[PDB]
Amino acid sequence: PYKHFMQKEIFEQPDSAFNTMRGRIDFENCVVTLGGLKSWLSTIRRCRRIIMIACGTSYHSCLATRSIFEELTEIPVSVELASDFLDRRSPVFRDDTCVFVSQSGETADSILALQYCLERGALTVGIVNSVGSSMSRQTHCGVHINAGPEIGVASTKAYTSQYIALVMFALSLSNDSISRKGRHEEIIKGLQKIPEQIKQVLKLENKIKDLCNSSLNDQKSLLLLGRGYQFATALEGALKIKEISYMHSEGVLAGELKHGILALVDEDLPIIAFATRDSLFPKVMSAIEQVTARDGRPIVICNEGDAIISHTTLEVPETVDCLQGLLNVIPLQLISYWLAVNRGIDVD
């Protein structure tokens, strides 16, 4: 019933999200159990630091979850792009836990980075979609995300499923803390509602098809503004637009520069801003204002009922702050898909 595998995969997300969590979360007692990590957790905690290493959209899923790992675990977490990690010859030692995120489990730069960490004595952990792929075999332990196959060239359901797996991994690491208990529960109860909220967000597709037809198809570039939890989503949205739609795009840290890209925008170029409550910073408001003043008409992704400015609005349900990126990425997936098909591009 679907034009492309990509469209099918986007629409499959309530199912792929549920299947990633299946058998792993007791939503009643609020307990997370990851069979592949279970016996390794005590060891994983006992590291100097966690280094998340990935390429492309998997690198984004790491940026999207870095804050929650830091918050729940109080272990240092850094996020490396695999190729740049190898280019710097970054030192790795026995006391590092290196977490490798990959949909295919076969990306050359990820495998090379893995081999480098393995040779240095680090503990290695895979978060991988292709069961028994090279990355799954070669990591010491890990989690198969169970999202099913992706045929679309750009990753959609693997991003949301990876992000969920990474959240479950952070919850697992912090499952012995009294002080964390209430935050754990909050997140777990939030995760329970994600698949249905994704169903809801997918109902934006008509408004999105209209927006592309009326304001976007014709455009050479588009700028995405985000901060905090939503900066990763701005980078991922930009990558989707670039890969699928063959249009220029850039994710920008909102309001970081006064005199930067926004002091230098046309009253014409399309701008999408993340203004959901989890990442509604004064710098995001100033960025939006600097657009409206200039007579740009921003596209605002925000939570249902919110009045961000006096523009096009795409409303999404409100979830737990660290989960909001799971909902906010979906309209960007749909935008990139429709922009591409409306240009005769094959997305499969």
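Numbers for residues come from their place in the sequence shown, where the first is 1.
Modelled in this chain, residue 217 is nonetheless unresolved in at least one third of the other entries of the protein that span it on both sides. Note: missing coordinates for residue 292 occur in none of the other compared entries bracketing this position, so the one-third threshold is not reached. Averaged over CA atoms, B-factors in the entry run higher in 199-207 than in the other of 199-207 and 108-116. Look at the mean CA B-factor for 97-105 and for 177-185 in the entry; the higher one is 177-185. Ranking 288, 301, 320, 62 by the C-alpha B-factor listed in the PDB entry places 288 at the top. Across 156, 215, 78, 162, the greatest Cα temperature factor reported in the deposited entry is at 215.
For residue 260, the recorded CA temperature factor ranks within the highest third of the chain's modelled residues. For residue 281, the recorded CA B-factor ranks within the middle third of the chain. Only modelled residues enter the ranking. Ranked by Cα temperature factor within the chain, residue 223 sits in the highest third according to the deposited record. Per the PDB record, residue ranking by Cα B-factor puts residue 48 in the middle third of the chain. Annotation for residue 245: C-alpha temperature factor in the highest third relative to the rest of the modelled chain, per the entry.
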